[PDB]
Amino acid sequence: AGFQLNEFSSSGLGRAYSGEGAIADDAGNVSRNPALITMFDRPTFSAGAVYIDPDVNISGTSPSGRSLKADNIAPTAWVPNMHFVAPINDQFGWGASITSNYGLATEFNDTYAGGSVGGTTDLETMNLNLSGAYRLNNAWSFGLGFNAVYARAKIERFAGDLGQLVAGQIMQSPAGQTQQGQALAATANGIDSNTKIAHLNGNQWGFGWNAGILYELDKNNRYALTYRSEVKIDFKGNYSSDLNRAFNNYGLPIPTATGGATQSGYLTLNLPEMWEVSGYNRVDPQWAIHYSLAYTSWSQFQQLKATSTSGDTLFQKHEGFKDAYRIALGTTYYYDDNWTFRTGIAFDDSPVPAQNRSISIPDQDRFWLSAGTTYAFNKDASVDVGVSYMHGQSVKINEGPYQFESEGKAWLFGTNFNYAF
């Protein structure tokens, strides 16, 4: 959903992803902890989807006087997940999984006065995870998996009112007192709002791996320590710019003008490392508790550079992050033989220094408020229903020459089905 926990299941979506990595009622946490494999005695799959309907709005006014307002820049999305877990011995067991990874969808109206720093920022990743696990004894379990990350990316930026803004930076400038000068302002005054200053898109695979350990006080109380590797996406796409090649080589903040000519861009993205610790304690045949303390290294993601075969910067964007923490407490109610009742809150800390808040990268991941319930038909198959209320912040921003006043929120609704063999 945000900068820390993806959407791998509707059960978790119901417990605000608390104690993931220790819980194991269903075939979903395996993707969260390999070692949890030794927690299943028979083949068990689980498939599903999670729908996301956000509400992110930007606001403020351009020096150029035009409005910097934009409602719902975050579209809606559906996200599937399929899991499969099965034993091999009494010590070996494997499991596959296909879920989503880090991703954001920011989309402004090409005719927005904020083109320069707000156009289209889409990152959608699908992750296939293969993994096994070895159980040393009745208390220690270890798992290790491999996961190739597919990455569909796209970036575009425009010239909202920037052009007419610069035009007035000249008429006020001393060179605007000159023939060659005031003829150079009109040029930049012509430029319409939806002119592509930057356009990049590529599609390549990522490779990483995670490690999981487990430890149970018994069949009813456990704890987990997991680590997740960073994925290096080396993107081989194409670059464009509807700007005229004549702006080039003056050292101006460079979205490289190629006059619509498709070049060949190069960009590397870093998909952060994780080190989550979680604890599962079933204190009552009816009730149990889960809680996790994760940690992602967004420090690894510092820019969004884009080069050419030559290696020169085609487009340069700075982020400069910082590691963030996440905490989640959750309660599960095993009421009936047919029903369950989960609940949870979860606080995520922003991996973004105030001074680098962009509008393409919404800064609205402040906490989780979730609920859910599962109806089982007969010990071998059931259906999970989850829902989360995710809220952001009232944080002001300063990017380029504008003043925005962002915000955020979002509701998650998921529905999962499971089965044992």
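For every residue, the number given is its place in the sequence shown, counted from 1.
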**Study point:** Higher-scoring stretch by recorded Cα B factor average, 84-92 or 295-303
**Key:** 84-92
Practice item. Give the stretch, out of 187-195 and 323-331, with the larger mean C-alpha temperature factor in the deposited entry. Key: 187-195
Practice item. Tell me, please, which of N201, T106, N109, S241 has the highest C-alpha B factor according to the deposited entry? Key: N109
Review point. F341: which third of its chain by C-alpha temperature factor?
Key: highest
Point to revise | For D71, the third of its chain into which the C-alpha B factor falls | key: highest
Check your understanding: Ranked by Cα temperature factor within the chain, is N210 in the lowest third, the middle third or the highest third?
Key -> middle
Check your understanding: What third of the chain, by the recorded C-alpha B-factor, contains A153?
Key -> highest
**Study point:** Chain-relative CA temperature factor third for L13
**Key:** middle
